[PDB]
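Report on the structure given below.
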Amino acid sequence: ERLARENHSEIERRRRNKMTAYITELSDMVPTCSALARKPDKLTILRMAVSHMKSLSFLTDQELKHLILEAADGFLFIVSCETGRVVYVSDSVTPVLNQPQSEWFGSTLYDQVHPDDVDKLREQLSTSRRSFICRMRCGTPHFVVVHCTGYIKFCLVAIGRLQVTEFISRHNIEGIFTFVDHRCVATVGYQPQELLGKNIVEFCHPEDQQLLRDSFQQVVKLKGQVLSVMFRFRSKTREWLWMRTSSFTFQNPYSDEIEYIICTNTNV
Amino acid sequence: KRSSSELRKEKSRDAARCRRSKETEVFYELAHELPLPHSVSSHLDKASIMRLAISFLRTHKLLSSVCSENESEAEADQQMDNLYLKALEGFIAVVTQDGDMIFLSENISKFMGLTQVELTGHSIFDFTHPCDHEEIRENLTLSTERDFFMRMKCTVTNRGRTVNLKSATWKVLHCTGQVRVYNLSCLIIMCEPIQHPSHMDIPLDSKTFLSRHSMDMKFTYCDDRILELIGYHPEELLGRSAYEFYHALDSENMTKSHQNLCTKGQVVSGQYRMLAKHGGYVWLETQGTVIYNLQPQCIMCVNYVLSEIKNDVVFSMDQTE
DNA sequence: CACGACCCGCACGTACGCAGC
DNA sequence: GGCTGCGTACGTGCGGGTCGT
């Protein structure tokens with residue numbers, strides 16, 4: 001009994017705060033009140049509200065078209081289920097793909113996707129609703145990654161939308177090359193297989209190699225935290241190269257156990 | 001002074017009653033007016049009327065001051081917009097600065113159970129799982145494009161069809177959109193729930209394969225269609241953690257995806273690249289979901305493949321073999 | 001479709017804050 | 001300072017809602 005009175009009176013207070021704040025929220029939303037000299041009688045405030053409201057479900061399909069265009073670089077298209085030929089495409093195809101509609105309208109979808117995707121395409125056209133991922137043209141060839149979302153009714157209706165000097169290496173605790181970037185060959189003129197399967201210090205300079213060893217020691221010691229080390233490095237032109245390598249221990253997000261040392265290797 | 005008392009508050013009783021009459025009859029006609037059918041717009045809660053009114057009006061505010069009108073009358077076929085609604089799979093949220101959901105699409109029912117009728121105008125943080133409220137909060141203000149995940153309430157469940165608020169199961173949402181401005185701004189996102197592997201509601205391909213891993217992305221199982229696509233036998237990968245195969249330029253983003261997967265329930269990773277048994281890599285997008293008891297047990301992954309294989313260039317000591 | 005369990009929303013009566021002949 | 005028209009804020013009582021075992 002004596003635990004409801006307070007609870008309620010304060011629930012009520014919450015309601016008053018909330019609601020009167022709703023009113024003063026609506027006040028500065030209807031032109032007439034926001035322009036008006038001072039605050040009007042709540043009653044008259046929302047008299048004005050009704051009167052303005054009538055002066056206009058929630059949005060028209062046109063409005064929400066606009067809306068979801070401003071929510072995704074994307075466009076609508078319709079294609080016959082099992083011939084591939086395009087039937088409709090929204091104009092938004094041009095600001096998304098640079099494709100004239102005279103071009104895109106005639107076409108078959110298969111002749112608009114990435115070649116090796118065509119197989120995957122017909123897989124998604126065999127007779128509920130469907131959704132998948134493909135690559136598409138760009139015109140004026142650099143293709144673009146387009147997510148696709150649609151259904152079946154005869155033909156298929158859907159919407160496509162697009163998602164918006166140095167080199168990198170992975171080692172284990174010993175320093176053994178585990179992964180090596182391809183751009184490495186530009187950096188030090190080496191072929192990854194001439195790097196994989198063996199350590200890194202044998203590429204460092206005789207009077208620097210200790211800095212390497214104990215720096216790796218610190219990297220694993222300094223769990224997760226970054227640290228850089230400068231040293232000299234054998235190119236395959238026999239020539240030596242200075243090197244700022246930034247490394248840090250990767251420990252698994254779940255298990256926080258070592259996986260590999262990630263080093264971003266830069267020349268200075 | 002009872003002769004005074006009788007004058008004091010009788011006037012107060014019936015006049016305040018008169019005002020209350022005015023008040024009410026003035027509210028339910030606002031509600032009546034609403035875009036909603038009189039069917040429900042009529043017998044509608046008091047405050048919710050205010051919610052919907054405010055929301056509707058603000059929506060038209062930002063909408064109109066996206067300019068996007070002066071040439072509004074002519075632009076596209078109207079049947080195609082009818083279809084524009086339906087073709088999407090996920091709902092649309094127009095959420096303000098302080099997180100007031102001034103527009104949720106109708107499609108929302110199909111996914112969250114809850115309707116826009118119940119939600120339009122309410123604060124987002126009421127409906128979103130905490131521990132996300134701050135992530136969301138970041139995503140709401142200050143380029144302009146947004147892409148993240150959030151845990152929202154759901155009243156449909158795995159085999160249930162319908163449910164009420166009390167039984168709020170958490171459903172994860174891939175949110176992708178922009179942030180338009182009209183002086184203050186407004187977030188505009190398409191949210192799409194991640195489909196569960198056992199409760200698959202859509203078709204896969206031979207082009208799309210499936211794997212199961214431990215909570216540290218150490219494999220447990222995977223079907224044998226791997227070989228045909230990228231050249232690995234499933235049994236070559238069991239004890240192996242997933243990071244040992246990831247290309248480097250991605251594993252940071254993959255770290256993001258994994259720590260999300262732990263912190264939330266599911267993730268959709270970016271288009272990463274994975275090193276084949278031999279030369280080079282293949283593009284890839286994985287949909288990951290965690291399986292509980294109750295305690296976390298497993299992680300299962302719906303792996304979508306995108307392309308063929310830098311065909312020869314070697315990357316790791318696995319390929320060097 | 002009962003039943004206290006309640007929780008919610010609702011309005012009523014009223015009490016403190018401001019005009020003015 | 002009287003006592004009234006004019007309004008927004010506080011607390012309680014009554015009716016129609018949904019759980020739960």
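Every chain in the structure tokens takes a letter, A first, then B, and so on in the order presented; its residues are numbered from 1, and the ligands are numbered from 1 following the presented order.
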
DSSP says strand (DSSP E) for which residues of segment 53-259 of chain A? Put them as a VMD selection string?
chain A and resid 74 to 80 86 to 89 129 to 136 144 to 152 155 to 162 166 to 171 177 to 180 227 to 234 240 to 251 258 to 259

Could you write out as an mmCIF file with C-alpha atoms, in the first residue's frame the residues of chain B within 12 Å of chain C, counting only C-alpha atoms (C1' of nucleotides)?
```cif
data_model
loop_
_atom_site.group_PDB
_atom_site.id
_atom_site.type_symbol
_atom_site.label_atom_id
_atom_site.label_comp_id
_atom_site.auth_asym_id
_atom_site.auth_seq_id
_atom_site.Cartn_x
_atom_site.Cartn_y
_atom_site.Cartn_z
ATOM 1 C CA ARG B 8 -14.414 29.669 -4.511
ATOM 2 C CA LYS B 9 -14.150 26.279 -6.214
ATOM 3 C CA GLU B 10 -17.510 25.452 -7.839
ATOM 4 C CA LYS B 11 -16.512 27.796 -10.636
ATOM 5 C CA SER B 12 -13.138 26.048 -10.550
ATOM 6 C CA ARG B 13 -14.754 22.599 -10.779
ATOM 7 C CA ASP B 14 -17.060 23.184 -13.737
ATOM 8 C CA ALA B 15 -14.824 25.674 -15.584
ATOM 9 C CA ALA B 16 -11.721 23.500 -15.329
ATOM 10 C CA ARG B 17 -14.024 20.716 -16.478
ATOM 11 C CA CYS B 18 -15.015 22.940 -19.406
ATOM 12 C CA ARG B 19 -11.366 23.466 -20.302
ATOM 13 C CA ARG B 20 -10.699 19.736 -20.032
ATOM 14 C CA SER B 21 -13.540 19.219 -22.494
ATOM 15 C CA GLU B 23 -8.609 20.182 -24.501
ATOM 16 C CA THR B 24 -9.756 16.624 -25.273
ATOM 17 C CA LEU B 44 -5.195 6.711 -30.186
ATOM 18 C CA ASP B 45 -3.273 7.371 -26.964
ATOM 19 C CA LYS B 46 -3.006 10.975 -25.758
ATOM 20 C CA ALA B 47 0.764 11.556 -25.822
ATOM 21 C CA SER B 48 1.393 9.398 -28.889
#
```

Kindly determine which residues of chain A lie within 12 Å of chain C, considering only C-alpha atoms (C1' of nucleotides), and give the answer as an MDAnalysis selection string.
chainID A and resid 1 4 7:8 11:12 15

Distance limit 8 Å, atoms considered: only C-alpha atoms (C1' of nucleotides). Which chain A residues sit that close to chain D? Return them as a VMD selection string.
chain A and resid 9 13 41

Distance of atom CA of residue 85 of chain B from atom CA of residue 107 of chain B, expressed in Å to one decimal place
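Atom-to-atom, atom CA of residue 107 of chain B and atom CA of residue 85 of chain B are spaced 8.2 Å apart.
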
Mind running chain B against chain A at 6 Å and telling me each contacting residue's nearest atom pair with the distance in Å (one decimal), counting only C-alpha atoms, chain and number ascending, as CSV?
```
residue,atom,partner,partner_atom,distance
B:30,CA,A:50,CA,5.2
B:35,CA,A:57,CA,4.9
B:36,CA,A:57,CA,5.3
B:54,CA,A:26,CA,5.9
B:81,CA,A:61,CA,5.4
B:87,CA,A:150,CA,4.7
B:88,CA,A:149,CA,5.9
B:177,CA,A:71,CA,4.4
B:178,CA,A:71,CA,5.6
B:188,CA,A:71,CA,5.7
B:189,CA,A:71,CA,5.5
B:216,CA,A:254,CA,5.7
B:259,CA,A:253,CA,5.6
B:315,CA,A:180,CA,5.3
B:316,CA,A:179,CA,4.3
B:317,CA,A:178,CA,5.4
```

Could you turn the residues from that selection into a file that holds N, CA and C atoms, as a PDB file, in the first residue's frame?
```
ATOM      1  N   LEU B  30      -6.952  16.421 -33.886  1.00  0.00           N
ATOM      2  CA  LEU B  30      -5.580  16.429 -34.383  1.00  0.00           C
ATOM      3  C   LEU B  30      -5.226  15.010 -34.794  1.00  0.00           C
ATOM      4  N   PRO B  35      -2.200  11.331 -40.934  1.00  0.00           N
ATOM      5  CA  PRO B  35      -2.081  10.512 -42.148  1.00  0.00           C
ATOM      6  C   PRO B  35      -2.631   9.106 -41.970  1.00  0.00           C
ATOM      7  N   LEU B  36      -2.569   8.621 -40.735  1.00  0.00           N
ATOM      8  CA  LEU B  36      -3.124   7.330 -40.359  1.00  0.00           C
ATOM      9  C   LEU B  36      -4.613   7.235 -40.685  1.00  0.00           C
ATOM     10  N   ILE B  54       4.423  15.864 -34.076  1.00  0.00           N
ATOM     11  CA  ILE B  54       5.782  16.400 -34.088  1.00  0.00           C
ATOM     12  C   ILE B  54       6.647  15.728 -35.148  1.00  0.00           C
ATOM     13  N   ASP B  81       7.568   3.232 -57.634  1.00  0.00           N
ATOM     14  CA  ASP B  81       7.833   3.625 -56.258  1.00  0.00           C
ATOM     15  C   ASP B  81       7.075   2.709 -55.308  1.00  0.00           C
ATOM     16  N   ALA B  87      10.935  -3.721 -52.677  1.00  0.00           N
ATOM     17  CA  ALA B  87      12.184  -4.359 -53.100  1.00  0.00           C
ATOM     18  C   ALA B  87      13.263  -4.401 -52.004  1.00  0.00           C
ATOM     19  N   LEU B  88      13.265  -3.412 -51.116  1.00  0.00           N
ATOM     20  CA  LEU B  88      14.225  -3.354 -50.010  1.00  0.00           C
ATOM     21  C   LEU B  88      14.004  -4.502 -49.010  1.00  0.00           C
ATOM     22  N   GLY B 177      23.849   4.486 -43.857  1.00  0.00           N
ATOM     23  CA  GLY B 177      23.183   5.672 -44.369  1.00  0.00           C
ATOM     24  C   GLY B 177      23.984   6.958 -44.343  1.00  0.00           C
ATOM     25  N   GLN B 178      23.278   8.082 -44.233  1.00  0.00           N
ATOM     26  CA  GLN B 178      23.890   9.408 -44.272  1.00  0.00           C
ATOM     27  C   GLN B 178      23.385  10.294 -43.141  1.00  0.00           C
ATOM     28  N   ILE B 188      19.899   9.445 -41.423  1.00  0.00           N
ATOM     29  CA  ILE B 188      19.033   8.676 -42.313  1.00  0.00           C
ATOM     30  C   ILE B 188      19.675   7.333 -42.633  1.00  0.00           C
ATOM     31  N   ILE B 189      19.206   6.252 -42.017  1.00  0.00           N
ATOM     32  CA  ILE B 189      19.854   4.959 -42.235  1.00  0.00           C
ATOM     33  C   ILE B 189      18.915   3.840 -42.647  1.00  0.00           C
ATOM     34  N   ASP B 216      37.295 -17.915 -30.828  1.00  0.00           N
ATOM     35  CA  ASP B 216      38.495 -17.196 -31.231  1.00  0.00           C
ATOM     36  C   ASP B 216      38.776 -17.412 -32.714  1.00  0.00           C
ATOM     37  N   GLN B 259      35.623  -8.289 -32.822  1.00  0.00           N
ATOM     38  CA  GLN B 259      35.345  -7.708 -31.513  1.00  0.00           C
ATOM     39  C   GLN B 259      33.906  -7.205 -31.466  1.00  0.00           C
ATOM     40  N   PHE B 315      51.788 -15.129 -50.714  1.00  0.00           N
ATOM     41  CA  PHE B 315      51.678 -14.219 -49.576  1.00  0.00           C
ATOM     42  C   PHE B 315      52.119 -14.803 -48.230  1.00  0.00           C
ATOM     43  N   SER B 316      51.773 -16.055 -47.944  1.00  0.00           N
ATOM     44  CA  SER B 316      52.076 -16.623 -46.630  1.00  0.00           C
ATOM     45  C   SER B 316      52.810 -17.955 -46.678  1.00  0.00           C
ATOM     46  N   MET B 317      53.363 -18.352 -45.533  1.00  0.00           N
ATOM     47  CA  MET B 317      54.148 -19.580 -45.417  1.00  0.00           C
ATOM     48  C   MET B 317      53.291 -20.834 -45.615  1.00  0.00           C
TER      49      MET B 317
END
```

From segment 63-179 of chain A, collect each residue whose DSSP state is alpha helix (DSSP H) and return the set as a ChimeraX atom specification.
/A:63-69,93-97,101-106,117-123

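The list of residues with at least one atom within 9 Å of residue 103 of chain B, based on only C-alpha atoms (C1' of nucleotides) and without residues fewer than 2 positions apart in the same chain, reads residues 58 of chain A; 55, 56, 59, 92, 93, 94, 95, 100, 101, 105, 116, 119, 120 and 121 of chain B.
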
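What separates atom CA of residue 166 of chain A from atom CA of residue 246 of chain A is a distance of 11.3 Å.
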
Could you check how far atom CA of residue 193 of chain B sits from atom CA of residue 128 of chain B, in Å to one decimal?
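These two atoms are separated by 13.8 Å.
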